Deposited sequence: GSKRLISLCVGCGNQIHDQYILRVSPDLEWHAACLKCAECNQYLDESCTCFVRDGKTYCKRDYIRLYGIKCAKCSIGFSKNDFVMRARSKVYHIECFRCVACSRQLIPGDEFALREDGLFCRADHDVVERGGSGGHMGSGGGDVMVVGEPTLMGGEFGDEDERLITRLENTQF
């Protein structure tokens, strides 16, 4: 037998959807925990804290995302760092003078945001921009 993890009842459909490892689902019960959408549409889905998510919602909630615009990154995107906070090369602006920061600029991360060594007045030296799966899991459609 196989008990659908979403609802607990037996799966009598022609195919059983398995989130790796060992999570068997009714196709209708495999929903994004936030947007409610069937995750059958995709090869993969994300699984944290016992909830199952689609990428958009995953990244938007748990993924690495940008400290300014609050939007996730593309696998080949190049990001500027601040101690703990990654940033879109386009969004690495001083929030006060609203202008770009470059490798070799004195700068500082304040609660309000990034500030250049002029609008600040701890201080740092802006660094070189850089390019770039733990909770991600494979969806397989097993025949019943």
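Gaps between the deposited sequence and the modelled coordinates occur at 1-5, 127-142, 154-158, 171-173, listed in sequence order.
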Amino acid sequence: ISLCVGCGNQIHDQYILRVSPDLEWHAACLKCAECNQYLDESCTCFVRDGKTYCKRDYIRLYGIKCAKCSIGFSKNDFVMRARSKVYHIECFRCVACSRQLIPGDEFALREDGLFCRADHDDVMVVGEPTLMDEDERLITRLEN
From here on, numbers count along this sequence of modelled residues.
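In this entry, 63-71 shows the higher mean Cα temperature factor of the pair 63-71 and 47-55. Stretches 133-141 and 3-11 differ in mean C-alpha B factor, with the higher average recorded for 133-141.
Per the deposited record, 99 carries the highest C-alpha B-factor of all listed residues (99, 81, 26, 88). Among the modelled residues of the chain, residue 105 sits in the middle third by CA temperature factor in this PDB entry.
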